[PDB]
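Student: Model the structure of this input:
(chains A, B, C, D and E)
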Amino acid sequence: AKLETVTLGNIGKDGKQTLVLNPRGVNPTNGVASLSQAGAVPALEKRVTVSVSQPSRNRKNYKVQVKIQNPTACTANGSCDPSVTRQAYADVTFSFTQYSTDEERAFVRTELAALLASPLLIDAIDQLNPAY
Amino acid sequence: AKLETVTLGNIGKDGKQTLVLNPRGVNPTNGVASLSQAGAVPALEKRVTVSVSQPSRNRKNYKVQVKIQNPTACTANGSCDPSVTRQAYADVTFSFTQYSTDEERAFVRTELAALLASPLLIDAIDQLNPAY
Amino acid sequence: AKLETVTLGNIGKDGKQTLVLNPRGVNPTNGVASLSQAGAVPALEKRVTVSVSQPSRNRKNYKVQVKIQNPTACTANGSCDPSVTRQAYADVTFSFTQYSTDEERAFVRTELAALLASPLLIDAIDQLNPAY
Amino acid sequence: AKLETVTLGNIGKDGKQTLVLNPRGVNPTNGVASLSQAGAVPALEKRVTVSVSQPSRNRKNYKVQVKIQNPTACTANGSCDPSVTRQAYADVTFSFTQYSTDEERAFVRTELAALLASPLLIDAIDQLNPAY
Amino acid sequence: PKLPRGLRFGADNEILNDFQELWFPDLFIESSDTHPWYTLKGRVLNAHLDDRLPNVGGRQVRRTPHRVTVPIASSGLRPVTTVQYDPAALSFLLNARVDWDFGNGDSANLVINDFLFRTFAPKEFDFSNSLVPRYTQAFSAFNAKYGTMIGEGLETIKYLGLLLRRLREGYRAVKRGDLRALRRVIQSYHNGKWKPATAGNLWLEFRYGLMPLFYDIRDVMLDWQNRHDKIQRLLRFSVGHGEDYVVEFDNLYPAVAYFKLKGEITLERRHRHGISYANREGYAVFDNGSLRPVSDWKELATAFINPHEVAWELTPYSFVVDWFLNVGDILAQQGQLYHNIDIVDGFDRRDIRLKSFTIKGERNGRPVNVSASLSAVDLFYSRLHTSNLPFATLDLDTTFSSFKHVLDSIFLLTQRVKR
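Tutor: Numbering: from 1, shown residues only, chains lettered A, B, ... in the order given. Here you go:
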C-alpha cells in the first residue's frame, strides 16, 4: 500500500521503545523505497529501505530486499556537532519462484518474525553467541 | 543457549499455524548451526540456519547470518515419490562493530520483527508490491 | 511533497506577472522532476527542473540542482509556426554535507531569495552590471 | 453469391449430423475460395474449396473444381496436442463448353446429388464395394 | 493490486494482456480543467487594464489511459494502443494580434491569447466505401511485387539445412572411429589438396577439414536476421486516403462591445484501417522474457567461427553439444510462427488533422490587416477494435507451408546429437 507514517511499538529489550518512520520517497533508479525516523540530522536519522523486483532475462526469481541502517551518534565529539560513530547494518532478503504461492510466502513472513522473538536468536543477536 | 526443540506459534497468514524445529547439529567447517522441522524426507523438511562470526584480519566486523529454506513438495508427480518443486529462500544478515553495544543490537532485533508485522511489508511480501 | 500546480504571484519587474506550473512527471533515469507552464507548444512552454541526490562512493555530499529554461518565441518568422529564438538558462545548485543540519539549509534558502530581491543583483541581472 | 456461413443439415449415415462452414476468404493467386468449419486447430478443421475458371488460349472449356479435406484427429497421441492421422480427400470437378446451356448444367448438378443418395454409391463409398 | 489494468493472469502464473479490457476500455469522465485562465497583454479603452476573466467553456470529455506493454506474439509488432476519445467540439487556442488605426483619438492595441471557443464539427463519418475496395486490390499485386523477395529467402534457408546434414558425419567420425568417411568430405570442399599430413590428435583433424565451412554458415545466419524482420513488416496491411474539406463556423464574440471576429478553417478528413496477422494460438502463453533474445544473435554467431576460443581447456566436447542444442532451440522458437497464421486482431482508426488555413479580419464591415497563427492541441483519436471484414480475401497458409517442414527436419536432426 501507500508509503505512510509507520508507528512501531514494543521495541528494544524493554519493549517500551516506540518508533515512527516517515515516508522518504522512492529512488526510481534502483526502484527502492525509503523510510526514516524524523530526527534532526538525516545522517543521524534511522533509515529503512524496502524493494521489490521482477524476473528478467538475468533472473527468473523475485527478490525482496530490506535493509536497515541505524548509526550511532556521538553527541560530544569535542566539537559543536555530533558525528557518526558506528553504523549498524541490518539486511534481509527474499527469493521466490514465479510459481510461488501466497501462503508459502505468508508462511515465510511470520516464522522469520517468530524466530526474532525466539529465545535462540536473542543470545545470538544481543550477546553474540553461537548455538551452544 | 543450547540448541533445542524450537516451537513456534502464530504462523502464516492465519496465525494458527505452528511449527517445531529440531536441532540438526552444527557444521563445524563453516561453523553454522542447523535447525529443521521433523518431516519425512529431509530434502522436503524445512531448514533453518544461524551463524555467528568473529572479526579477523579480513574483516573487523561481526556477521550474524540467518537463512531459511522452505521447499515446495509436489505430492503427486506421476511417480511414487514426492519431489522438490520450488525452493523458497529467506536470508537475513547482520553487521556490527566491535564497539557495538547491547541495546543497539537489541534495538535492531525487535524493530525488524515489528516491520515483519507491519502492514507495509505484508503487501510487499505476500502480494509482491512496491511502496505505493 | 507531491508535484502539484504551482502558482506564482509577484513576477517580473512589474510584480503583477503571475505564472502557473503543471507537474510534468519525473524522468526516472536521471531521477529529475519537471514542471512547466501550460502553453500551446511544449518547446515554447517554460520549463522548471528540480532534482535531489544522495551520496555515493563517488561523492559524499548531497546535490540539489534546479534549472530553469525560458525560451523566446518568435511569433512571426515569416512562416506559419512560431520558432525558438533565444533560450534563457537559469541554473541553481546546492551542496551539503551528510552532517548538514536543517536550519543551516533553511538559512541558505531564504538568504538566496533575499539577494534576488536585493537592489544589488537587479542591476547585475537586469542591466548586466558589475559591482560598481 | 457472397461467401457466407453455410449450415448443413442431414449429414452422415445418421443424417442427424449438422455442419457449419465459415468463409475463409479467397486465395487470389489460384483464384480459389475456401470454406471451413470453425474448430480449434485450423489444421484439424474441415476444409471446403471451390473454384471457377475461364477459357484461355490453353483451354476453351470452363472448369469448376471442388475439393473437400477432412482430416482425422488423434486426440491422445501420448502427447499434449492432437495430431493429424488420416486425411480424407474428396475431389469433384466439372467441365463445360462455352456454348453449354443453363439447364444442362443444372441437370448435371442435381443428378450427381441423387447418385450420392442412391443406394448404389453408398456401398461403393461406405463399404468400398464394386458394382456387384 | 497484483493485476494492473492491462494484465491478466493464467494457469501457470503467466502475465498476459487482458483481452476483455484491452479491446473495449472503460469510459472515464473528466472533471479537471486544462487551461481555464488566460492572460491579456495590451491596452484597451485608452487605459491600462490587466485583469483575468474566465470565458465560456465546459468540461465533458471521455478519455482512456494509454497502455504500452510487451507484445503478445514472439518476434511480433507492438500491440495497438486502444484509446477511446469522445469529441466535445474541440477548441483551438486563438492567438491573434490585430492593430487598427482609425478616428482621431480611438486607438488601442490588445492581444487575446489562448481563447477557446466552440464550433460545429462532424463527430462521425464513414470512408469504407473507398477504402475497403482499395484494400483488397493490393493483395493481388503483393504476390508480384514482394513475391520475389519471399521466394529468394526460401531458397537461401533450404541450403542451410543441407549443410547441417553433412557436418554431422564429421563430428561422429571421432566417436566410433570411422575416419575414412571424414577424408571424403574434406576433399570435396577445397579446390586442391593442401591438407596437413602430420600425425596429430584425433579431434584436431576436424578443425582443418571444416575451415571454409565455418565461414559459409556465418554469412548465412548474418543476413538472414535482417530479412527475417523485413517480411514481418509486410504482414501489417494498412491503406488509406485523405480528402479535402472545409468547415464553417460562426457566433464568435471575443471583443465585447468593440467588434466581432470570423474566419474559416480547413481540415483534412482522413481514414485508415490497419489489420494484424499473427498466430491464432500464439497469444495464449507468454511471460516477461522466457525466450532467447535476438539483440545478441549478431554477436553470438561469430563467437564460434573465430579461431580464438576460451573453451579449449574447458571440455570442448561439452561446449560443442551445447552449441548445437542452442541452435535447434532457437530454430524451434522461430518455427512456431508459421504453423497456422490467420487474422487475429483488427482496428479502425479515424482522425482529422489540421492544415494551413486563412483568417480574415473585419471591424463592423471595414477591412483590416490581421496576422494570426494557431495550433491544434486535441484531435480525433478513436481506434475501434473489432474482428470482421466486409469481403475477406486472403490466403497465406500454403505459401508459408513450405517453410514449416524445413525447420521441423532440422529440429529433429539435432535430437540425434545427444550424449
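
Student: ok, the residue in the stretch 301-419 of chain E that chain D sits nearest to - how many residues close by?
Tutor: Taking C-beta to the nearest C-beta, chain D has its nearest neighbour within the stretch 301-419 of chain E at residue E:395, 3.2 Å off. Every C-beta, even on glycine, is put in place using the N, C-alpha and C of the backbone. Other residues within reach of residue E:395, judged by other C-beta atoms under 10 Å in any protein chain shown, total 17.

Student: Surely it is within a strand?
Tutor: No: checked against DSSP: H, G, I helix; E, B strand; the rest coil, residue E:395 lies outside a strand; its state is coil.

Student: That one: what's it in contact with?
Tutor: Counting by C-beta atoms under 8 Å, 6 or more residues apart in numbering or on different chains, residue E:395 touches D:24, D:25, D:26, D:27, D:28, D:29, D:32, D:34.

Student: how near is the residue in the stretch 51-200 of chain E positioned nearest to chain D to residue E:405?
Tutor: Proximity of the stretch 51-200 of chain E to chain D (C-beta to the nearest C-beta) peaks at residue E:140, 5.2 Å away. Counting by C-beta to C-beta, to the nearest Å, the gap from residue E:140 to residue E:405 is 28 Å.

Student: swap in residue E:268?
Tutor: Residue E:268 is 49 Å from residue E:405, by C-beta to C-beta.

Student: quick revisit: apart from its chain neighbours, what residue comes closest to the residue of the stretch 51-200 of chain E closest to chain D?
Tutor: Ranked by C-beta to C-beta, 6 or more residues apart in numbering or on different chains and with sequence neighbours excluded, the top spatial neighbour of residue E:140 is residue D:28, at 5.2 Å.

Student: What is the burial count for that neighbour?
Tutor: Applying other C-beta under 10 Å, we find 16 residues neighbouring residue D:28.

Student: next one: residue A:64
Tutor: 20.

Student: Then residue E:56?
Tutor: Neighbours of residue E:56 under the rule other C-beta under 10 Å: 8.

Student: Can you name the residues that contact it?
Tutor: With contact taken as C-beta under 8 Å, 6+ apart, residue E:56 is in contact with E:117, E:118.

Student: For the most centrally placed residue in chain A, name its beta-bridge partners.
Tutor: The residue lying closest to the centre of chain A (C-alpha atoms, centre = their mean) is residue A:68, at 3.4 Å. Note on residue A:68: beta-bridge partners by DSSP bridges are residue A:48, residue A:90.

Student: which residues touch it?
Tutor: A:46, A:47, A:48, A:49, A:88, A:89, A:90, A:91, A:92, B:108, B:111, B:112.

Student: Got the phi and psi for residue 81?
Tutor: Because you didn't say which chain, this covers chain A. The phi/psi pair for residue A:81 (degrees, to the nearest 10) reads phi -120, psi 140.

Student: and the gap between it and chain B?
Tutor: Per C-beta to the nearest C-beta, to the nearest Å, residue A:81 is found 20 Å from chain B.

Student: what does residue E:384 give?
Tutor: 33 Å.

Student: Count residues in the vicinity of the nearest residue to that residue once chain neighbours are set aside, would you?
Tutor: Sequence neighbours aside, residue E:348 is the residue nearest to residue E:384 in space, at 5.2 Å (criterion: C-beta to C-beta, 6+ apart). If you count neighbours by other C-beta under 10 Å, residue E:348 ends up with 17.

Student: which residues does residue E:348 bridge with?
Tutor: Going by DSSP bridges, residue E:348 forms beta bridges with residue E:273, residue E:384.

Student: So which bits of chain E are right by chain A?
Tutor: For chain E, the contact set with chain A under C-beta under 8 Å from any C-beta of the partner chain comprises E:12, E:13, E:287, E:288, E:289, E:293.

Student: Kindly reformat the residues you listed as TSV containing secondary structure, distance to chain B and neighbour count.
Tutor: Below are the residues of chain E next to chain A laid out as TSV (DSSP: H, G, I helix; E, B strand; the rest coil; distance: C-beta to the nearest C-beta, whole Å; neighbours: other C-beta atoms under 10 Å in any protein chain shown):
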residue	secondary structure	distance to chain B	neighbour count
E:12	coil	13	9
E:13	coil	11	12
E:287	coil	15	16
E:288	coil	13	14
E:289	coil	17	13
E:293	coil	25	9
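
Student: of those residues, closest to residue A:126?
Tutor: residue E:13 (40.7 Å; C-beta to C-beta).

Student: thinking the closest one is in contact with residue A:98, fair?
Tutor: Yes: proximity of residue E:13 to residue A:98 meets the contact threshold set by C-beta atoms under 8 Å, at 5.2 Å.

Student: Just want the residue of chain A that's nearest chain D.
Tutor: residue A:99 (18.6 Å).

Student: Helix or strand for that residue, just tell me which one.
Tutor: Here residue A:99 sits in a region with no helix or strand, counting by DSSP states H and E.

Student: other SSEs contacting the helix or strand residue E:163 falls within?
Tutor: Using DSSP H and E, residue E:163 maps to helix E:147-176. For helix E:147-176, the helices and strands in contact under the criterion 3 or more C-beta pairs under 8 Å, 6 or more residues apart in numbering or on different chains; DSSP states H and E are helix E:180-187, helix E:204-209, helix E:211-232, helix E:397-414.

Student: Report the contact partners of the single nearest residue of the stretch 51-200 of chain E relative to chain C.
Tutor: Proximity of the stretch 51-200 of chain E to chain C (C-beta to the nearest C-beta) peaks at residue E:93, 5.4 Å away. By C-beta under 8 Å, 6+ apart, the contact list for residue E:93 reads C:40, E:35, E:113, E:114, E:115, E:116, E:374, E:375, E:377.

Student: And residue E:9, by the same measure?
Tutor: E:2, E:3, E:15, E:16 are the contacts of residue E:9 under C-beta under 8 Å, 6+ apart.

Student: What of residue E:186?
Tutor: Residue E:186 neighbours (C-beta under 8 Å, 6+ apart): E:195, E:208, E:209.

Student: With residue E:7 instead?
Tutor: Residue E:7 neighbours (C-beta under 8 Å, 6+ apart): E:15, E:16, E:17, E:18, E:69.

Student: same question, residue E:347
Tutor: E:80, E:82, E:273, E:274, E:275, E:276, E:383, E:384, E:385, E:386.

Student: and the residues you listed as CSV, adding neighbour count and distance to residue E:44?
Tutor: Formatted as CSV, the contacts of residue E:347 follow (neighbours: other C-beta atoms under 10 Å in any protein chain shown; distance: C-beta to C-beta, whole Å):
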residue, neighbour count, distance to residue E:44
E:80, 17, 50
E:82, 21, 48
E:273, 19, 51
E:274, 16, 51
E:275, 19, 56
E:276, 20, 57
E:383, 16, 46
E:384, 13, 48
E:385, 18, 51
E:386, 11, 54
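
Student: what does chain E put close to chain C?
Tutor: So far as C-beta under 8 Å from any C-beta goes, chain E lies against chain C at E:34-35, E:37, E:39, E:50, E:93, E:95, E:97, E:114, E:356, E:371, E:373, E:375, E:377.
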